[PDB]
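Okay, structure first, notes after.
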Amino acid sequence: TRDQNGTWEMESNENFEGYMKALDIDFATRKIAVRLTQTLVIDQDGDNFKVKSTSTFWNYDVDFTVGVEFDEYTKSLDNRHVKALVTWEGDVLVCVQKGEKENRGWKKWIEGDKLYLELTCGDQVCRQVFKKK
């Protein structure tokens with residue numbers, strides 16, 4: 001389904017280290033971040049999204065409209081400028097972050113009571129699964 005509204009708690013986290021390493025996040029930041037469970041919070045109305053990502057170590061929010069390109073500065077992730085665009089492919093929400101890194105972005109979708117997130121950068125894929133609280 002396309003409805004991603006909700007509060008979502010991490011159930012699983014695969015290869016978050018590979019993705020962060022791919023983004024050139026410094027070793028000491030990675031080593032702590034890879035160990036952590038994350039939470040996502042998502043308000044979606046029409047094509048308007050507000051999303052918040054949290055752990056004990058960080059707390060980030062981003063707002064975007066489906067189909068409207070926007071500049072991003074990924075401050076206190078890897079600190080780069082990208083041009084982001086979020087669109088639908090069927091019921092999969094796809095973000096491309098155009099910039100220095102190839103294959104950078106993410107895909108998000110719902111299966112049952114769960115939210116699936118694929119984070120990509122270069123040749124690394126990170127998969128996370130969240131349950132609807």
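A few comments on the model shown:
- Per DSSP, loop GluC sites (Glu not before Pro) in segment 1-98 with at most 16 further Cβ within 10 Å: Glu69
- Listed residues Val34, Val51, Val68, most fluctuating in the chain (Gaussian network, C-alpha, under 10 Å): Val68
- The label point for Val92 and the one for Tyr116, both projected 7 Å from the Cα toward the Cβ, are 0.9 nm apart.
- Most mobile of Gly99, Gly67, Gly46 in a GNM of the chain (Cα contacts under 10 Å): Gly46
- Restricting the trypsin sites (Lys or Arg not before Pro) of segment 1-56 to loop positions (DSSP other than H, G, I, E, B) with no more than 13 neighbouring Cβ atoms within 10 Å leaves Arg2, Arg35.
- Formal net charge of residues neighbouring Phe16 (Cβ-Cβ distance under 13 Å; K, R +1; D, E -1): +2
- The separation of segment 1-64 from segment 92-133, counted between C-alpha centres, amounts to 10 Å.
- Applying both filters, DSSP loop and at most 14 other Cβ atoms within 10 Å, to the chymotrypsin sites (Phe, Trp or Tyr not before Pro) of segment 24-133 gives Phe57, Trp58.
- Percentage relative contact order, segment 72-128, counting C-alpha pairs under 8 Å, at least six apart: 20
- Segment 19-133: Rg to Rh, with Rh as the Kirkwood radius over Cα pairs: 0.93
- Based on C-alpha pairs under 8 angstrom that are at least 6 apart in sequence, the chain has a relative contact order of 28 percent.
Readers should treat all values here as calculations from the given coordinates under stated rules, not as data from a laboratory. Heads up, the Cβs are rebuilt from the backbone with ideal geometry, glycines too, and the neighbour counts pull from every protein chain shown.
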